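J.: Got a structure for you, written out below as structure tokens; questions coming shortly.
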Amino acid sequence: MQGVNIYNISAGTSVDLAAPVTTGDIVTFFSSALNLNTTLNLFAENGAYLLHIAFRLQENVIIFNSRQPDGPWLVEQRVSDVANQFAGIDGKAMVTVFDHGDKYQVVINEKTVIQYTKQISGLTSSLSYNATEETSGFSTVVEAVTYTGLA
Amino acid sequence: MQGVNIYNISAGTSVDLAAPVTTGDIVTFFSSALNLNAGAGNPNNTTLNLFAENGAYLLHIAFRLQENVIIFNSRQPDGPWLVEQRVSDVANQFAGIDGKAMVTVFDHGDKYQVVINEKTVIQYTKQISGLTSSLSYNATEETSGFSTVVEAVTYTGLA
């Protein structure tokens with residue numbers, strides 16, 4: 001049934017989802033810091049990177065990509081100008097990802113930044129937030145709320 | 001299309017939704033404070049509301065600390081409160097999270113599902129239908145049990 005699950009993920013760690021994120025489900029990451037490194041990931045149970053999100057502060061670009069458990073990085077999609085996507089909110093931020101089945105729609109705050117057509121499919125059984133335990137643009141701890149069982 | 005909208009609602013105010021909330025949509029209220037004790041002598045302030053454009057109270061949520069119960073009810077723009085639904089033991093619904101809280105409302109069409117943090121507390125069958133065009137959070141000036149400012153995030157265009 002439709003449900004809400006709360007998680008706390010400190011940089012450099014991951015969490016196993018009590019309720020998997022599948023088609024029709026949503027997951028939102030909340031940062032209590034926003035100083036513009038940091039990557040948000042959705043994992044398949046076999047260890048595949050369903051969706052990799054890397055905010056490149058030096059290049060000032062947001063990267064999106066997938067990866068097989070024993071394969072390398074695949075075709076990446078990029079969005080230009082990091083600061084622009086978070087434009088509208090200072091000192092904090094949120095990243096939302098909708099699993100639409102054929103693709104993942106990524107939203108930063110209220111702005112949709114990309115309709116990422118999947119390179120790898122499956123259900124998200126875990127998530128992680130690396131900032132390499134160093135924490136960069138986001139707070140050292142990200143709160144992840146998921147809304148599952150929507151379909 | 002599927003979107004996300006963020007609102008900042010102070011106690012005693014309301015906001016009109018940029019994107020209405022209808023069947024299949026979700027709204028979540030985040031509180032920075034969680035004091036569930038009658039810290040004065042009037043544990044009735046804490047209320048969350050989903051409004052219909054005609055002013056109807058689609059869903060009225062009232063956290064009653066003194067009686068120690070959570071009430072759910074609706075009301076026509078020109079009528080009185082209707083058939084009240086209640087959930088006893090307020091504090092036990094927020095069990096698992098201290099110093100904060102989350103209240104989520106799912107619009108399923110014929111009902112409203114309310115979840116406090118991770119626990120579903122009621123499948124409230126609608127007494128009034130329609131789409132949510134505005135929301136309000138009352139502590140009517142005062143603080144009540146939640147932070148004097150509630151953040152509201154809506155997920156719309158889901159259907």
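As shown in the structure tokens, the chain order sets the letters A, B, ...; within each chain, residues go from 1, and ligands are also counted from 1 in the order they appear.
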Leaving out residue 138 (chain B) and any residue of its chain fewer than 5 positions from it, which residues lie within 9 Å of it when counting only C-alpha atoms, given as a PyMOL selection string?

T.: chain B and resi 10-14+45-49+143-144+148

J.: When you look at residue 128 (chain B) with a cut-off of 10 Å (counting only C-alpha atoms), what residues show up, excluding the ones that are within fewer than 4 positions of it in the same chain? I need them as number ranges by chain.

T.: B: 52, 56-59, 73-76, 82, 110-111

J.: Take CA of residue 121 (chain A) and CA of residue 55 (chain A) and report the distance between them in Å, one decimal.

T.: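 Taking CA of residue 121 (chain A) and CA of residue 55 (chain A), their separation equals 22.5 Å.
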
J.: Which residue, A:106, A:26, A:114, A:11, has the smallest gap to residue 154 (chain B) when you use only C-alpha atoms?

T.: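 Answer, going by the shortest atom-to-atom distance: A:26.
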
J.: Tell me, as a list in words, which residues lie within 12 Å of residue 64 (chain B), counting only C-alpha atoms; anything in the same chain fewer than 5 positions away does not count.

T.: residues 35, 36, 37, 38, 41, 42, 43, 44, 45, 46, 47, 69, 70, 71, 72, 86, 87, 88, 89, 90, 91, 139, 144 and 145 of chain B

J.: When the cut-off is 6 Å and we count only C-alpha atoms, which residues of chain A are near chain B, given as a PDB file with N, CA, C and O atoms, in the first residue's frame?

T.:
```pdb
ATOM      1  N   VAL A   4       5.021   5.942   3.522  1.00  0.00           N
ATOM      2  CA  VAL A   4       6.057   6.954   3.664  1.00  0.00           C
ATOM      3  C   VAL A   4       7.193   6.352   4.479  1.00  0.00           C
ATOM      4  O   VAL A   4       6.960   5.743   5.516  1.00  0.00           O
ATOM      5  N   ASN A   5       8.421   6.507   4.003  1.00  0.00           N
ATOM      6  CA  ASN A   5       9.569   5.971   4.724  1.00  0.00           C
ATOM      7  C   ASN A   5      10.629   7.043   4.857  1.00  0.00           C
ATOM      8  O   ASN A   5      10.984   7.711   3.890  1.00  0.00           O
ATOM      9  N   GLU A 110      11.917  23.040  -7.095  1.00  0.00           N
ATOM     10  CA  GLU A 110      10.655  22.987  -7.838  1.00  0.00           C
ATOM     11  C   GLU A 110      10.929  22.852  -9.332  1.00  0.00           C
ATOM     12  O   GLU A 110      10.005  22.668 -10.119  1.00  0.00           O
TER      13      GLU A 110
END
```

J.: How many Å separate CA of residue 32 (chain B) from CA of residue 31 (chain A)?

T.: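 For CA of residue 32 (chain B) relative to CA of residue 31 (chain A), the distance reads 14.5 Å.
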
J.: Extract, using only C-alpha atoms, all DNA, RNA and protein residues at most 10 Å from residue 59 (chain A), discarding same-chain residues fewer than 4 positions from it, and format them as a list in words.

T.: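 In the requested form, the answer reads residues 55, 80, 81 and 82 of chain A.
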
J.: What is the distance between CA of residue 25 (chain A) and CA of residue 57 (chain A), in Å to one decimal?

T.: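 Taking CA of residue 25 (chain A) and CA of residue 57 (chain A), their separation equals 29.0 Å.
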
J.: Find the residues near residue 24 (chain A): any atom within 6 Å, counting only C-alpha atoms, skip ones fewer than 5 places away on the same chain, and give them as a PyMOL selection string.

T.: chain A and resi 99-100+150-151

J.: For residue 67 (chain A), which residue among A:109, A:46, A:125, A:119 is the nearest when counting only C-alpha atoms?

T.: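 Of all the options, A:119 lies closest to residue 67 (chain A).
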
J.: Enumerate as a PyMOL selection string all residues of chain A assigned to strand (DSSP E) by DSSP on the backbone, naming them with the chain letters and numbers the document uses.

T.: chain A and resi 3-10+13-21+26-31+38-44+49-56+61-67+77-80+93-99+103-108+111-117+124-130+141-148

J.: Can you pull out every residue within 10 Å of residue 79 (chain A), counting only C-alpha atoms, but drop anything in the same chain fewer than 5 positions away, and send it as number ranges by chain?

T.: A: 55, 60-64, 85, 113-114

J.: Could you tell me which of A:148, A:111, A:52, A:14 comes closest to residue 87 (chain A) if we count only C-alpha atoms?

T.: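 With only C-alpha atoms as the atom set, the closest residue is A:111.
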
J.: I'd like to know which of A:73, A:120, A:141, A:130 is closest to residue 39 (chain A), using only C-alpha atoms.

T.: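 Of the candidates, the smallest distance to residue 39 (chain A) is held by A:130.
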